[PDB]
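# Geometric and topological summary
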Amino acid sequence: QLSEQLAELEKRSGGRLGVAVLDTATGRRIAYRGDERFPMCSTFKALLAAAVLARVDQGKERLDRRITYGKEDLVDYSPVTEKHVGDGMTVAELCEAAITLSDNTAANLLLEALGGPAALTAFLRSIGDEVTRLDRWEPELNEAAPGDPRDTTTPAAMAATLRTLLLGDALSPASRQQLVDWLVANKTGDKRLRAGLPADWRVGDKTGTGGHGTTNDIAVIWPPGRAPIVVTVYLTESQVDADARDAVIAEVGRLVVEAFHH
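Header annotation of the entry names X-ray crystallography as the structure determination method and lists the resolution as 1.500 Å.

See below:
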């Protein structure tokens, strides 16, 4: 039913819509184009922060380590890092900025601390994600060119990977709760999945936005009284405007709510 509603929603979206809903109460998944590749754009920053925290868990990184950088390290969309060229930022502060404000320079500095896009991809391979790949840095990874596999995931693979990292035991309990806290504190998603949820539904999300009419949102959501659900939404090649693409994701939110609580 939800799958058929998503097909109709795609007709209104002006583009190609991919959705996966993973219910951790039952382990059951509902998906629409769930095995098709979509551009991640900034949704990869959730995975980036998880890879940094995995290093912390292994004693190979510290949350309080200070990273210094210069004005020429700055790329566009860097609202937190552009303020701290003088004093630098800690690893924890860069993760917070990358997740909650989608800070691009913060993501590049964290990628540099990992060993780059190829290091993030290998991390994902190590935890059993055979599909997701990061190839480029900020901002070129947002190109979102149709037919280009670079910097892509599938909705089902991303949902499975988020389940493992945020809810399973790939990360330490402190690391997983910290990552969830950053996602719950996200400031960029108010018009997307969040806009489709009732107030008492706890939600952590990470948005992505890029070329070729690409608007994404990935989330973990706790409906009251139950186990959480992981929801990934990818919309690309969409010919409606940015606000309408946001509204498509908010409607996925409403459809999920109605599927799980009637």
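### Focus on the overall build of the protein chain
Along the backbone of the protein chain there are 8 helices and 9 strands. Relative to the compact-globule value of 18 Å for 262 residues, the protein chain shows a C-alpha radius of gyration of 17 Å, a close match. Counting only C-alpha atoms and orienting by the principal axes, one finds that the protein chain spans roughly 50 × 40 × 35 Å. Every one of the 262 residues in the protein chain was classed for burial, and the buried ones make up 55%. Long-range pairs, those at least 24 residues apart, make up 63% of the contacts in the protein chain with a sequence separation of at least 6. By element, 48% of the accessible surface of the protein chain is carried by carbon and sulfur atoms, the whole surface being about 11000 Å².

### Quick word on the state of the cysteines
All told, the structure shown has 0 disulfides when counted by the stated rule. Of all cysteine sulfurs, the one in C95 lies closest to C41, which takes part in no disulfide; the gap is 20 Å. For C41, a relative accessible area of 1% gives the class buried.

### Structural notes on the sheet that holds strand β8 (residues 214-222)
In sheet architecture, strand pairing relies on hydrogen bonds along the backbone and comes in two forms, parallel and antiparallel. Strand order in the open sheet made by the 5 strands is β2-β1-β9-β8-β7, with antiparallel pairing throughout. In this open sheet, the two edge strands, each paired with only one partner strand, are β2 (29-32) and β7 (202-210). Across the sheet, the mean angle from the axis of one strand to that of its neighbour is 5°, orientation sign disregarded. Of the pairings in the sheet, the one linking β7 to β8 comprises 9 bridges and is antiparallel in character. Paired with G210 across the bridge in β8 is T214. Of the strands in this sheet, β1 (16-23), β8 and β9 (229-236) are in contact with helix α8 (residues 242-261), which crosses β9 at around 150°.

### Let's talk about the nonpolar core
Most often, soluble globular proteins have nonpolar side chains that are buried together. Counting residues in each nonpolar core, the largest one holds 51 residues, and the members touching the most others are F44, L48, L110, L120, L162 and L179. Among the elements that line this core, the one with the most residues is helix α2 (residues 44-57), at 10 residues. Beyond its immediate sequence surroundings of up to four residues, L162 is in contact with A46, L47, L167, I218, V230 and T232. One finds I229, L255, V256 and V257 within the second-largest nonpolar core, a separate group that totals 23 residues.

### Re the side chain of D103
Tracing the sequence through the fold places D103 in the loop between α3 (91-100) and α4 (104-114). Here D103 occupies a buried position and makes no salt bridge, while the nearest side chain of opposite charge, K45, is found at 7.1 Å. Within polar-contact distance, the side chain of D103 engages the side chain of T81 at 2.8 Å. Setting aside its immediate chain neighbours within four residues, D103 contacts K45, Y77, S78, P79, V80, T81, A97 and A98.

What counts and what doesn't
- Residues numbered from 1 in each chain as written, not as in the entry; some residues may be left out.
- Heavy atoms only, no water.
- Helix = DSSP H or I, 4+ residues; strand = E, 2+ residues; numbered from the N terminus.
- Rg over C-alpha atoms; globule rule 2.2 N^0.38 Å.
- Buried < 20%, exposed > 50% of the residue type's maximum accessible area, 1.4 Å probe, protein only.
- Contact = heavy atoms within 4.5 Å.
- Areas by Shrake-Rupley, 256 points an atom, 1.4 Å probe, with all protein chains shown as cover.
- Disulfide = S-S within 2.5 Å.
- Pairing = 2+ DSSP bridges.
- Axes fitted to C-alpha atoms, helices over the stretch in contact; angles between N-to-C directions.
- Core = buried A, V, L, I, M, F, W, Y, C linked by side-chain atoms within 4.5 Å.
- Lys, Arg positive; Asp, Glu negative; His and termini not counted.
- Salt bridge = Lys/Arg side-chain N within 4 Å of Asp/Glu carboxyl O.
- Polar contact = N/O pair within 3.5 Å; in protein donor to acceptor, adjacent residues only side chain to side chain.

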